């Protein structure tokens, strides 16, 4: 029996959904003060080994906050809420393609300047490259990568050129929380 009224409203989560969440959020909460800290979330072992774990972690904290209210915890997970036919049949749900892309985009563009520099791409790359790759091959890839996606030649990737680069991508699905269903 939480504030899951206007919450189930902003995230479009089904009753039992927020329940499995609140329950899950309850488990993540250690000292139990109705909030989470990088501390609490970093306890998720699997996430730690996740090359994006830290960026995912930080995404749960706005501008400078250091704690996540339950509604904030869900505000994020809401982006990965599976899309229902009713969602597409009204305010834009946090799980729309546009918002899923924005979320992913915000993980590349750390300085939140609106564009993905060659460096911001290079950092993401060094995170996901099994075989030891020369810092040069990377610069080359990060380069080519931004190069290919860069349309207005400003050297960086705007959200639109980002969106554009994924038009043939099944983003909806590649970003929908399976388990929840």
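Positions refer to the first chain, counted from 1.
- Of the two segments examined, 43-51 and 30-38, it is 30-38 that shows the higher average Cα temperature factor in the deposited entry.
- Annotation for 67-75 versus 93-101: the higher mean temperature factor (C-alpha) is found in 67-75.
- Across 121, 149, 57, 133, the entry's maximum B-factor at the CA atom is seen for 133.
- Annotation for residue 14: CA B-factor lies in the highest third of the chain's modelled residues.
- When all modelled residues of the chain are sorted by CA temperature factor, residue 171 is found within the middle third.
- Annotation for residue 84: C-alpha temperature factor in the middle third relative to the rest of the modelled chain, per the entry.
- Among all modelled residues in its chain, residue 156 ranks in the middle third by Cα B-factor.
- Per the deposited record, the Cα B-factor of residue 129 falls in the highest third when ranked against the other modelled residues of its chain.
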